[PDB]
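What follows is a single structure, written as structure tokens, with notes after it.
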Amino acid sequence: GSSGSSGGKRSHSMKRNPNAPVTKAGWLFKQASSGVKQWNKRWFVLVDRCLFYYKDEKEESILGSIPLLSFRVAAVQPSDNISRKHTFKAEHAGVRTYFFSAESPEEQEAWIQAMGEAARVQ
Numbered sequence: 001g002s003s004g005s006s007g008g009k010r011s012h013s014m015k016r017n018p019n020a021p022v023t024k025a026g027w028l029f030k031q032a033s034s035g036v037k038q039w040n041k042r043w044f045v046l047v048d049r050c051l052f053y054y055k056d057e058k059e060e061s062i063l064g065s066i067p068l069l070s071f072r073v074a075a076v077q078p079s080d081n082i083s084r085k086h087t088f089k090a091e092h093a094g095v096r097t098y099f100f101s102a103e104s105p106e107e108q109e110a111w112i113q114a115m116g117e118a119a120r121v122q
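Numbered per PDB author numbering, the sequence shown spans residues 1 to 122.
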């Protein structure tokens, strides 16, 4: 046996509430880390003004959560480095800038409606 890479302190506590209505759900493509250049199709779910992506539609357990209430979603620039079209990325101008591509232009726009708005702090 070998332990480690676990951690011994709680800094942030975020999780999809059990009694929280699903805002919007849909299969999206999450860009890979700076390392490998590729896309990884996963199940995206918006709940509690927050984004939650699961390995599959099963939604067994939240793999990673990202606060949108502190971001400004917006369609990728006309000079972005994304081959696929109808893409959208969110930036918080302090932490980082996430990206999300869409198969059709109808899904992208629709997503921005929920994400973009849910992001606003006003």
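We put the beta carbon where it would ideally sit given N, CA and C, even for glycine.
What whole-angstrom Cβ distance do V45 and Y54 have, given they're in contact under 8 Å? To locate residue 45, count along the sequence shown from 1; it is residue 45. To locate residue 54, count along the sequence shown from 1; it is residue 54. Rounded to the nearest angstrom, the Cβ distance from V45 to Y54 is 7 Å, consistent with a contact under 8 Å.
Residue range of the unbroken beta strand (DSSP E) whose run includes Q108: Translated into positions along the sequence shown, residue 108 becomes position 108. Careful: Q108 lies outside any beta strand (DSSP E), inside the alpha helix (DSSP H) at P105 to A119.
Following the continuous beta strand (DSSP E) through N40, name the residue where it begins and the one where it ends. What you label residue 40 is simply residue 40 of the sequence shown in a count that begins at 1. Its beta strand (DSSP E) spans residues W39 to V47.
Report all residues from its chain with a CB closer than 6 Å to the CB of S70; omit the five preceding and five following residues, and keep chain order. Within the sequence shown, numbered from 1, the residue matching residue 70 stands at position 70. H92, listed in sequence order.
Own chain residues within Cβ distance below 7 Å of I66, not counting five before or after: Residue 66 sits at position 66 when you count from the first residue of the sequence shown. Closer than 7 Å at the Cβ level, and outside the excluded window around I66, lie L51 and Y98.
Measuring alpha carbon to alpha carbon, tell me which residue in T87, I62 and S83 is nearest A74. Locating residue 74 in the sequence shown gives position 74, counting from the first residue. Here the closest residue by C-alpha is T87.
Would you decide whether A90 is buried or exposed? Buried here means 16 or more other CB atoms lie within 10 Å of its CB. One-based indexing of the sequence shown puts residue 90 at position 90. When all chains shown are included, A90 counts as buried.
If the criterion is Cβ atoms closer than 8 Å, does the pair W43 and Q31 meet it? As a position in the sequence shown, residue 43 is number 43, starting the count at 1. As a position in the sequence shown, residue 31 is number 31, starting the count at 1. Contact: no.
Cβ-based burial, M14 [other Cβ within 10 Å; buried from 16]: Counting from one through the sequence shown, the residue named residue 14 turns up at place 14. Under this definition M14 is an exposed residue.
Assign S101 to buried or exposed, taking buried as 16 or more other Cβ atoms, counted over all protein chains shown, within 10 Å of its Cβ. Here residue 101 refers to the residue found at position 101 when the sequence shown is read from its first residue. In this structure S101 is buried. Its beta-carbon is surrounded by 16 or more other beta-carbon atoms within 10 angstroms.
Using only CA atoms, which one of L28, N19, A20 and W111 lies nearest to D56? One-based indexing of the sequence shown puts residue 56 at position 56. Closest by C-alpha distance to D56, out of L28, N19, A20 and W111, is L28.
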